[PDB]
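Student: Take this structure, written in structure tokens, and hold onto it; I'll ask about it next.
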Amino acid sequence: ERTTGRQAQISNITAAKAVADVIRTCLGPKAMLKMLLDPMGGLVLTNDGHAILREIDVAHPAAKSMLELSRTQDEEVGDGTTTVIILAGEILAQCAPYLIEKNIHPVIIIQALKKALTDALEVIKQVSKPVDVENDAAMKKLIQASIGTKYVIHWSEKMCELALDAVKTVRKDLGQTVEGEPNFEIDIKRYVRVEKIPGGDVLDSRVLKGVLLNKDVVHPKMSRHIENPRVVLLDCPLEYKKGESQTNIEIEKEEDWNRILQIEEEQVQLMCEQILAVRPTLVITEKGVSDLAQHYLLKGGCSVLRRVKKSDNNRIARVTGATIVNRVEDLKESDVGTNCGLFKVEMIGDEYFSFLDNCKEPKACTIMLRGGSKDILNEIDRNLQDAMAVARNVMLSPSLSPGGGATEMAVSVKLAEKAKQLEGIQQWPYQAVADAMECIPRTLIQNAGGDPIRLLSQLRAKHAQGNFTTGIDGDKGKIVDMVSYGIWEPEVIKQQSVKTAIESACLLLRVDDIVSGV
Amino acid sequence: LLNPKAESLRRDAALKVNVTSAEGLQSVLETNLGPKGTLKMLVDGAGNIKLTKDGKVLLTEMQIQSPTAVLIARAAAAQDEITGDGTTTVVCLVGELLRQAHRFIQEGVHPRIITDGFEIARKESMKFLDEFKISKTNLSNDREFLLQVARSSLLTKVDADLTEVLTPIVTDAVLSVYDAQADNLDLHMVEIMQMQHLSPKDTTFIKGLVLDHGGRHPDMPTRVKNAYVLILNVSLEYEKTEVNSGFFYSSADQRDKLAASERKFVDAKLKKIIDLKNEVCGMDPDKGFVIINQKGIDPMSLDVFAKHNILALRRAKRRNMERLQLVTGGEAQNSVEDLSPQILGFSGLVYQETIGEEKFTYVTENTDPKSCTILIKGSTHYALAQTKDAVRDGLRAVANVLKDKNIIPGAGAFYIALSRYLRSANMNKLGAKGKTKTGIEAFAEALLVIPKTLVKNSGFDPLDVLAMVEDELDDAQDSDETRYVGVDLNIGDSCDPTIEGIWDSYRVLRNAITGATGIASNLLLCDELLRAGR
């Protein structure tokens, strides 16, 4: 019913500690397998952190907040799902004795977590090292981190080309002191939307700039490409129009019957004549096209496309600029067909397609993927999004940070040094943040099999005297430098990792009561 | 760390349950292995008792809540689709490998090092797999060697008396379907049919096809030798008007005249059929005419066809009509108007084997049948189910021998030698790791379960035979020559598996070592069990 006093603070930390404790063995490339027991006779052997917690039914509401935290992390970064949840769960565990046994007010701890978050972001920027974002050979070795241990490792070179050529098309990199700096905005969601074509080879997969249409041309003999195109978009079909009111044509006189039959053909030509007034080279309609409208527009020297989806024409309007106008008599001259390179109808996989591809980058592109089957295309799809997500974090900041527990320990050492110079009651919960940062590398040690206490203190000694680039090896499990075998990941992953971790930790600390009601 | 309606087994407690889960499934299937194995009962709940030694049928008919045995059953189902044999062999390798690993888990060894020791030893096992295998010639005159492969797949599931019965049946079934060249073999061309009322030891091989419905008339010829075949699609029985009508007879004899006038349309096609026999080898000996006609035939035409000594079949299965078309060679005749002697096929002696209730017509002695049949005989459903398991697994065992030219000797020759291999190689090599030595030694000692439990089901002392085989291998290495040693279950001493004729398929052992390693590896990777949503 109601949880008052310190009982609510216990249940909020315990719920977040239980969610993190499950995936502690899910961290690292060597991470163990989790066998889940379904209410039925089935089982789940998947080690993916998101696929596990999704199949785990939770009761306490703080556990549901940790589930929604991983959903936000999945939209930002493609990997490291368990890294954020374990880190956010350990911070509440380390602040638990200070909140109760030491009797520190929670607002003091929350204000201390905001100071530790700002200091942590500064340390990550200091331990991060720059890399050339314009080097094609360097970007392939970066994305390769999210490539290997997958079926795409053989095509990885082609997987990086499809990843780079896609983000480089939709990215706008600008800055100045006049109109401001967009800070290298890249949209993978809307603009990079992909079309998967079965059959063929991965080498034949191209990134097309434009909107791809699966519908063919109404007539076999027609202009294949136009130099300076004029495009008209309209939802209305092409056929004889009828009045919305009651229309009855009574024919008595003998010679007036054939005249009305000619007018019906003239009305179809009139609707096409209103389109030809702007001299379009391309006509795209949502519904079908009558055979008469096909012949009238064929002699008019324009291209006709039929049975095109409405959602596709909306994406065409942004890369082109032609606005959909229902009635042919209302067609504006302001909307044009400029920046369309080729109409090429070339057949791909025994199926006629239509290409809107151009020579320019109107902040969007359509990726054409080829594979050996639909399951291969689905594997290329999800891997391409993770491939571009890594390339996105590299284009959203030049600096790379060492992984494998190197950055995790590098921050914890600097937090311990700033703790001695930070006066006030917030010093005690500030030291709990550094102890929570040591949980991630110690977790990789526990999954490796080595002594967690011995290897952690020795790894901390490497950061204190030597450099911060000495991490833990995944294959071996012994303390080594990350410069030898680069595990290096972009900094944006570490940025949003500690960022949302403090926001999720403070959110649960602010709730002192839980009641049930509608 | 708990919420209502949840259960969690954590902190190495799941390992003690999972290893015990394998020990429970192992001890059940440890009873049946090799020719000395045991028979079990499977109750479907409907009251039908089924006795089979095949681990494929066992794991599907039993329901197990233990999730460890579920993964073993699911992975063995993939092994049953690929290998088709040695389902128990895979289970015995998984269980014992977890037992040897659980002993090191109690020592504090991390399971990743244990699983890494299995993968490193598996890669070295594949190297010895290619070295230990024996390349068999591609000659099809190898039937003598096929007699050894047959006894390997037979003696396991039978009393060894049905082996001598099924040995010429299975061996002749494969080579008759298989043309002489390297192309392929089709197991669908071998029909599996079951019959009652006769002992299982009388099971015979059918070179042609077997069918149920025979010619019904007391005077029809029972044995017809070297007869022409007619595949006919048209109904020879009485027909009725497609529209509603009636027969109005003024006189008593007119009633038979109207019935004969309607059948005259069918009798017109009947006269064209009997004229074909009068045109071709009517009185000629060693030649005959058979009607396999697919649709029904009235008893009036059966009496007419009996006077001509024509075998007339009616209501034949649609699938058999196309099969008899390829076996006999005669095309399917839809209309009698197009009937010609060049369309007729040719078959050998066609004789009806008639029991009390049923009649059996045989299509055998065909020029180019390209389809075999194995007719399984038994008095009860117990012998019919056990033989069907031996035929299906027996044909697929020989099938993998022609597809894969490499063969490996059985009787534990591959398991004992590889276990001794990794023991001596790892000490000489030492290039893996110091902590990996536990995973390699546990994997080598775990593969001894098959030769240990094979003689354990035989009753002989496993410590005695494993010592004599190991001493014989050491005496073979001291003599500096290649000697293949294997266990003898009847006598209890060692022997030569190449001379005794005990062989194991290469593809079966390749997926058994790789499969069982992957099964036990994923089971050791489970630290905690979780039950939620229930």
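Student: Let me make sure I get this right: for the protein assembly as shown, a, b and c are the square roots of the gyration tensor eigenvalues over alpha carbons, sorted descending. Under 1.5 in a/c it's rounded, otherwise prolate if a/b > b/c, else oblate. Which is it?
Tutor: On the way: a/c = 2.44, a/b = 1.22, b/c = 1.99.
Here the protein assembly as shown falls in the oblate category.
Student: Here's something else I'd like to know. Would you kindly state the longest site-free stretch of chain A, with sites defined as GluC sites (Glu not before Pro) in a DSSP loop (not H, G, I, E, B) surrounded by at most 13 other Cβ atoms within 10 Å?
Tutor: Values: sites that count: A:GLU1, A:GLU101, A:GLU134, A:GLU179, A:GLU227, A:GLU244, A:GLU250, A:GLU252, A:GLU333, A:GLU346, A:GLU351, A:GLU423.
Longest gap between qualifying sites, sites excluded: A:2-100.
Student: Order by neighbour count: B:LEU313, A:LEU276, A:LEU43, fewest other Cβ atoms within 10 Å first, most last.
Tutor: Numbers: B:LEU313 22, A:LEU276 18, A:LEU43 15.
Ordered by Cβ neighbours within 10 Å, fewest first: A:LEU43, A:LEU276, B:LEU313.
Student: Between B:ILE291 and residues 5 or more places away or on another chain, which pairs have amide H atoms under 5 Å apart, with H built 1.01 Å from N, and which residues are they?
Tutor: Amide H neighbours of B:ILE291, under 5 Å, 5+ apart: B:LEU311, B:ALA312, B:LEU313.
Student: Each residue of the range B:257-274 in order: what ³J(HN,Hα) in whole Hz does its phi give by Karplus 6.51 cos²θ - 1.76 cosθ + 1.60, θ = phi - 60°, with x for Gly and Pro?
Tutor: 6, 5, 6, 6, 6, 6, 6, 4, 4, 6, 5, 5, 6, 5, 5, 6, 6, 6
Student: Within 11 Å, Cβ to Cβ, of A:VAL77, how many net charges do the neighbouring residues add up to if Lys/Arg are +1 and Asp/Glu are -1? Write out the running numbers ahead of the final one.
Tutor: Details: positive: A:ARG392, A:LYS494; negative: A:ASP74, A:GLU75, A:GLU76, A:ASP79, A:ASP386, A:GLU489.
Within the 11 Å Cβ shell, the charges total -4.
Student: Ok, one more. How far is it, in nm, from the label point at B:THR514 to the one at A:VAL511 when both lie 7 Å from their Cα along the line to the Cβ?
Tutor: Result for the modelled spin labels: 5.0 nm.
Student: Mind listing the long-range amide H neighbours of A:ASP473? Cut-off is under 5 Å, sequence gap 5 or more, other chains count too, H placed in the peptide plane at 1.01 Å from N.
Tutor: Here A:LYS478, A:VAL480 satisfy the definition.
Student: Hey, what angle do you get for helix B:87-105 against the long axis of chain B, alpha-carbon based, 0 to 90 degrees rounded to 10?
Tutor: The helix B:87-105 is inclined about 20 degrees to chain B.
Student: Further question: Sum up the charges of everything whose Cβ sits under 14 Å from the Cβ of A:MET66, counting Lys and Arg as +1 and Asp and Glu as -1, but leave A:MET66 out.
Tutor: After counting each charged neighbour, the total is -1.
Student: Moving to a separate point now. Using the charge dipole of the range A:454-518 (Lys, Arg: +1 at Cβ; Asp, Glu: -1 at Cβ; taken about the Cα centre), state which of A:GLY474, A:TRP488, A:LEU455 has its Cα farthest towards the positive end.
Tutor: A:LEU455
Student: A follow-up question, please. Among B:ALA476, B:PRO369, B:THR498, whose Cα lies farthest out toward the positive end of the dipole of chain B, if unit charges sit on the beta carbon of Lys, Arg (+1) and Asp, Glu (-1)?
Tutor: Final value for the positive-end residue is B:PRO369.
Student: Within 10 Å of each residue's Cβ, count the other Cβ atoms and sort B:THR163, A:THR177, B:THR241 from fewest upward.
Tutor: With the fewest neighbours first, B:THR163, A:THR177, B:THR241 line up as A:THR177, B:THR241, B:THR163.
Student: Helix by helix, which DSSP H runs in chain A go 27 Å or more along their axis at the Cα atoms and have an average Kyte-Doolittle hydropathy of 0.0 or more?
Tutor: On the way: long enough: A:106-127 (31 Å, 0.88); A:257-276 (29 Å, -0.17); A:374-395 (31 Å, -0.30); A:491-509 (28 Å, 0.57).
Both cut-offs are met by A:106-127, A:491-509.
Student: Give me the net charge of A:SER223's neighbourhood, meaning all other residues with Cβ under 13 Å from the Cβ of A:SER223; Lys, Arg count +1, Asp, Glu -1. Please list the in-between numbers first.
Tutor: Values: positive: A:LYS221, A:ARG224, A:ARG230, A:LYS299, A:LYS344; negative: A:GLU227.
Taking every other residue near A:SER223 into account, the sum is +4.
Student: Please list, in chain and number order, the residues 5+ apart from B:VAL229 or on another chain whose amide H is under 5 Å from its amide H, with Hs placed from the backbone.
Tutor: B:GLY345, B:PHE346, B:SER347
Student: Let me ask something else about it. Evaluate the distance, in nm, between pseudo-label points positioned 7 Å from the Cα of A:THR72 and of A:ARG6 along their respective Cα→Cβ axes.
Tutor: Result: 2.9 nm between the two label points.
Student: May I ask for the distance between the Cα centers of the range B:436-482 and the range B:196-251, given as a whole number of Å?
Tutor: A separation of 61 Å, based on Cα centres.
Student: Give the cross-link partners of A:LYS309 among the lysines, using a straight C-alpha distance below 22 Å as the criterion and excluding same-chain residues fewer than 8 apart.
Tutor: A:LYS189, A:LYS196, A:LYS209, A:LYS215, A:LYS241, A:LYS287, A:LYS332, A:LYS344, A:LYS363
Student: What trypsin sites (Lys or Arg not before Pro) in the range A:79-141 are in a loop by DSSP, with at most 14 other Cβ atoms within 10 Å of the Cβ? Mind dumping the intermediate values first?
Tutor: On the way: sites: A:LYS102, A:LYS114, A:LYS115, A:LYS125, A:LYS140, A:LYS141; in loops: A:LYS102.
Those satisfying the criteria are A:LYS102.
Student: Dipole of the range B:208-369, Cα-centred, from +1 at each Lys and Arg C-beta and -1 at each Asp and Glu C-beta, to the nearest 20 debye? Please report the intermediate quantities before stating the final value.
Tutor: On the way: 22 positive and 24 negative charges, 41 e Å.
Here the range B:208-369 has a charge dipole of around 200 debye.
Student: Turning to a different aspect of this structure: Using Cβ contacts closer than 10 Å as the measure, can you line up A:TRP257, B:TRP503 from fewest to most? Numbers along the way, then the final one.
Tutor: On the way: A:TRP257 11, B:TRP503 24.
Arranged by neighbour count, lowest to highest, A:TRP257, B:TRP503 become A:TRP257, B:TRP503.
Student: To the nearest Å, what is the center-to-center distance of the range A:447-505 and the range A:194-212, using C-alpha atoms only?
Tutor: 39
Student: Here is a further query. Do any trypsin sites (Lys or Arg not before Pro) in the range A:1-56 lie in a loop, going by DSSP, with at most 14 other beta-carbon atoms within 10 Å of their beta carbon, and if so which?
Tutor: Working: sites: A:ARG2, A:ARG6, A:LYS17, A:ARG24, A:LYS30, A:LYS34, A:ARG54; in loops: A:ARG2, A:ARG6, A:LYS30.
Loop-located and lightly packed - A:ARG2, A:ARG6.
Student: Here's another thing I want to ask about it. Loop-only GluC sites (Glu not before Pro) in the range B:66-169, please: DSSP not H, G, I, E or B, and at most 16 other Cβ atoms within 10 Å. Intermediate values should be presented prior to the final figure.
Tutor: On the way: sites: B:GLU81, B:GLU96, B:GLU107, B:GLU119, B:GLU124, B:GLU131, B:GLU144, B:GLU164; in loops: B:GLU107.
Taking the range B:66-169 and a limit of 16 other Cβ atoms within 10 Å, the loop GluC sites (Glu not before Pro) found are B:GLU107.
Every number here is computed from the coordinates shown, using simple stated rules; none is lab data. With ideal geometry, Cβ positions are generated from the backbone for all residues, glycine too; neighbour counts draw on all protein chains shown.
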